[PDB]
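Below: one structure, written as structure tokens.
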Number of protein chains: 2
Amino acid sequence: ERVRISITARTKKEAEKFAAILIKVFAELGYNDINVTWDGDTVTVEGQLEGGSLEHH
Amino acid sequence: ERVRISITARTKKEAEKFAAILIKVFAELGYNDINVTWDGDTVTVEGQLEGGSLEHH
């Protein structure tokens with residue numbers, strides 16, 4: 001149940017503005033404890049849920 | 001000023017749940033008219049900006 005979202009913005013300031021929102025969306029979704037990892041000019045958010053799966057068969 | 005965000009979820013339903021939110025954030029940010037492009041099992045949102053400005057209607 002790991003969720004990872006990568007945003008490609010022009011500058012760090014631009015991507016940062018998006019990360020702020022993503023953090024709230026993840027927190028409100030129960031994906032608290034998010035970890036952001038940037039490499040070069042791309043930022044990717046990594047979150048994990050402690051209660052959410054799509055069981056089947 | 002092109003902003004693109006790619007989310008990697010387990011199932012389509014999972015990613016779709018995130019897309020809905022991203023769409024709202026983009027619209028409120030002035031990035032109205034967003035285009036989503038999925039290929040295989042990955043969904044990526046594509047939005048554009050028509051300049052900051054502080055106008056209104």
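Chains: A, B, ... in order of the structure tokens. Residues: from 1 per chain. Ligands: from 1, in order shown.
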
| query | Could you list, as a PyMOL selection string, every residue of chain A that has an atom within 10 Å of an atom of chain B, counting only C-alpha atoms? | reply | chain A and resi 1-10+14-15+18+21-22+25-26+44-45+53-54

| query | In Å, how much C-alpha RMSD is there between chain B and chain A after the fit, with all atoms paired in order? | reply | 5.4 Å

| said: Could you go through chain B and tell me which residues DSSP, when run on the backbone, assigns to alpha helix (DSSP H), listing them as an MDAnalysis selection string? | reply: chainID B and resid 12:28

Convert the current residue selection to file output with N, CA and C atoms, as a PDB file, in the first residue's frame.
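That gives us part06.pdb:
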ATOM      1  N   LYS B  12      -5.688   0.904 -10.602  1.00  0.00           N
ATOM      2  CA  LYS B  12      -6.209   2.082 -11.286  1.00  0.00           C
ATOM      3  C   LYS B  12      -7.102   2.900 -10.358  1.00  0.00           C
ATOM      4  N   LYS B  13      -7.930   2.210  -9.581  1.00  0.00           N
ATOM      5  CA  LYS B  13      -8.834   2.872  -8.647  1.00  0.00           C
ATOM      6  C   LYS B  13      -8.056   3.725  -7.650  1.00  0.00           C
ATOM      7  N   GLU B  14      -6.880   3.246  -7.258  1.00  0.00           N
ATOM      8  CA  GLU B  14      -6.039   3.967  -6.308  1.00  0.00           C
ATOM      9  C   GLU B  14      -5.529   5.270  -6.915  1.00  0.00           C
ATOM     10  N   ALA B  15      -4.932   5.173  -8.098  1.00  0.00           N
ATOM     11  CA  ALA B  15      -4.401   6.343  -8.784  1.00  0.00           C
ATOM     12  C   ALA B  15      -5.509   7.340  -9.107  1.00  0.00           C
ATOM     13  N   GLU B  16      -6.653   6.825  -9.546  1.00  0.00           N
ATOM     14  CA  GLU B  16      -7.789   7.672  -9.890  1.00  0.00           C
ATOM     15  C   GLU B  16      -8.213   8.526  -8.697  1.00  0.00           C
ATOM     16  N   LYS B  17      -8.184   7.929  -7.511  1.00  0.00           N
ATOM     17  CA  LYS B  17      -8.563   8.632  -6.291  1.00  0.00           C
ATOM     18  C   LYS B  17      -7.671   9.850  -6.065  1.00  0.00           C
ATOM     19  N   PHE B  18      -6.417   9.747  -6.494  1.00  0.00           N
ATOM     20  CA  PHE B  18      -5.464  10.839  -6.339  1.00  0.00           C
ATOM     21  C   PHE B  18      -5.644  11.878  -7.441  1.00  0.00           C
ATOM     22  N   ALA B  19      -5.910  11.405  -8.654  1.00  0.00           N
ATOM     23  CA  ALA B  19      -6.105  12.293  -9.795  1.00  0.00           C
ATOM     24  C   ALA B  19      -7.207  13.309  -9.516  1.00  0.00           C
ATOM     25  N   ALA B  20      -8.301  12.842  -8.924  1.00  0.00           N
ATOM     26  CA  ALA B  20      -9.427  13.711  -8.603  1.00  0.00           C
ATOM     27  C   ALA B  20      -8.973  14.916  -7.785  1.00  0.00           C
ATOM     28  N   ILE B  21      -8.123  14.666  -6.795  1.00  0.00           N
ATOM     29  CA  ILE B  21      -7.614  15.730  -5.939  1.00  0.00           C
ATOM     30  C   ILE B  21      -6.689  16.663  -6.714  1.00  0.00           C
ATOM     31  N   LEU B  22      -5.734  16.080  -7.430  1.00  0.00           N
ATOM     32  CA  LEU B  22      -4.785  16.858  -8.217  1.00  0.00           C
ATOM     33  C   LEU B  22      -5.512  17.819  -9.153  1.00  0.00           C
ATOM     34  N   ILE B  23      -6.616  17.354  -9.728  1.00  0.00           N
ATOM     35  CA  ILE B  23      -7.404  18.174 -10.641  1.00  0.00           C
ATOM     36  C   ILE B  23      -7.938  19.418  -9.939  1.00  0.00           C
ATOM     37  N   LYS B  24      -8.419  19.239  -8.714  1.00  0.00           N
ATOM     38  CA  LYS B  24      -8.957  20.347  -7.933  1.00  0.00           C
ATOM     39  C   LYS B  24      -7.861  21.350  -7.585  1.00  0.00           C
ATOM     40  N   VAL B  25      -6.696  20.837  -7.204  1.00  0.00           N
ATOM     41  CA  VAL B  25      -5.567  21.688  -6.848  1.00  0.00           C
ATOM     42  C   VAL B  25      -5.087  22.497  -8.047  1.00  0.00           C
ATOM     43  N   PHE B  26      -5.054  21.855  -9.210  1.00  0.00           N
ATOM     44  CA  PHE B  26      -4.613  22.515 -10.435  1.00  0.00           C
ATOM     45  C   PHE B  26      -5.596  23.607 -10.847  1.00  0.00           C
ATOM     46  N   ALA B  27      -6.885  23.305 -10.742  1.00  0.00           N
ATOM     47  CA  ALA B  27      -7.926  24.261 -11.101  1.00  0.00           C
ATOM     48  C   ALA B  27      -7.866  25.499 -10.213  1.00  0.00           C
ATOM     49  N   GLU B  28      -7.731  25.279  -8.909  1.00  0.00           N
ATOM     50  CA  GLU B  28      -7.662  26.378  -7.953  1.00  0.00           C
ATOM     51  C   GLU B  28      -6.355  27.151  -8.105  1.00  0.00           C
TER      52      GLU B  28
END

| message | Would you compute the distance between atom CA of residue 32 of chain B and atom CA of residue 49 of chain B? Give it in Å to one decimal. | response |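 The value is 7.8 Å.
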